[PDB]
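Coming up is one lone chain in structure tokens, specifically the form deposited in one PDB entry.
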């Protein structure tokens, strides 16, 4: 079940990746942009790397690639979304929001409160088995 969930997460992200092709970003690139946007300000490289699911050196390379594309700025060092990146992220977020909606068609509002509940339960059981 854990690997059925793992797999579902992978194919959801892959669907979004596929919808975002016109942006000419790798998956690591956009997932990194999205995380910068989503986390509060002034994340450390180490936190962004963890949030993103990649190793530290890959994250460093990603940010250096994102800088070359004018999508992030490191002028302090703090990691900001540039002004050229703001329109892309809005487009990206829009794709993300619309896709979620489509994926959730044919799922009652009932199974949906339920999934949010069972996820939370699972996440709670996992938190508890940590202490143990």
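Residue numbers count along the first chain shown, from 1.
Gap check for residue 26 to residue 27: zero deposited residues are absent from the model. Mean C-alpha B-factor is higher over 121-129 than over the other stretch, the pair under comparison being 121-129 and 4-12.
Two stretches are in play, 56-64 and 81-89, and the higher mean C-alpha B-factor belongs to 81-89. Per the PDB entry, 75 shows the highest C-alpha temperature factor of the residues 45, 99, 35, 75.
Looking only at 39, 31, 95, 49, the residue with the top Cα B factor in the deposited structure is 39.
Another form exists, deposited in another entry; not displayed. Remarks below refer to it.
Two rigid parts turn against each other between the shown form and the other one; the point where they join, the hinge, is 95 in the list 43, 26, 95, 82.
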